[PDB]
């Protein structure tokens, strides 16, 4: 009733049937309520972004020229740069930071990155489907100046007017990157948060986005900051370990399904889990990552959740540096608390 989740699937224009159905959504242990789906012109929408709460905007025209993109058009135009393509034999593409792996010798990534040309990505993808294989690929590459000219012309056709006014109104920093994500149906990016703001622009296919506010930190159990999986949840949403992660029993999400033309504001520090709909075919998304506003030169109380998260990260970072080794951070913290604060 109020945990209505994604709502009843919207009907595509010209009576082309429901855009997707409930059977295409994985099933999880926690409840969810809908993210509001609004017009760009709607004051409530503006109110939501202003308060750093998520909103799906349905008519921004942010990536209007990308709406025609598909593998053929992109193979033809995207140029000959290298693309990072992740490979796995599980649906879950857990993000990991390769620069942090030296310190965590026992971290064994379930997904592998292969650099390859776009045409190779399409071939590899084609091979899989034809031999009916089980491996999965997820291409995740920042857009850069090696892309061909039509892609340049597409990008330039994005609604910069609208998004630059957002960046200005919110006091955000610079646009840092636009990630192009191309995924196979049923792919999942497990829950994590970002230390930038994100307008997440869906282009092809459908993605279910499950978000949790920064105040659910205690229910989602991020990896240690020096771990490769910093910012990512330790919890396996498909098999939650309630003994290690008791407060995942209290977690409550905000969810939506985005399709072509939709843009989801994912506010900085908000947890998000992203899945490409089962049997939905391939998905394409391009994101827009902005540095957040500078923090006030002085802090007002009561502190917000995301400011406590920032504090916790800085304590872990400083401890890692002062102790000279990140693996001592935990023993020190435990000594700090046991019998004194727990």
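Positions refer to the first chain, counted from 1.
Residue stretch of maximal mean CA temperature factor, 199-207 vs 146-154 | The recorded data point to 146-154.
Taking the mean of the C-alpha B-factors per stretch from the entry, tell me the winner out of 333-341 and 3-11.
-> Averaging CA B-factors over each stretch, the winner is 3-11.
Per the entry, which of 176, 103, 189, 232 tops the list for Cα B factor?
-> Highest C-alpha B-factor among the listed residues goes to 103.
Check the PDB entry and point out which of 194, 82, 238, 218 has the largest C-alpha temperature factor.
-> Going by the entry's C-alpha B-factors, 82 comes out highest.
Determine, from the deposited record, the chain-internal third of the Cα B-factor for residue 286: lowest, middle or highest.
-> According to the entry, residue 286 has a C-alpha B-factor in the chain's lowest third.
Consider only the C-alpha atoms of the modelled residues in this chain, order them by B-factor as the entry records it, and name the third containing residue 268: lowest, middle or highest.
-> It belongs to the lowest third of the chain when residues are ordered by C-alpha B-factor.
When the modelled residues of the chain are sorted by Cα temperature factor, does residue 50 land in the lowest, middle or highest third?
-> According to the entry, residue 50 has a C-alpha B-factor in the chain's highest third.
By its CA B factor, does residue 313 count among the lowest, middle or highest third of the modelled residues in the chain?
-> Answer is lowest: the recorded C-alpha B-factor places it there.
Going by the entry, which third of its chain does the Cα temperature factor of residue 307 land in?
-> According to the entry, residue 307 has a C-alpha B-factor in the chain's lowest third.
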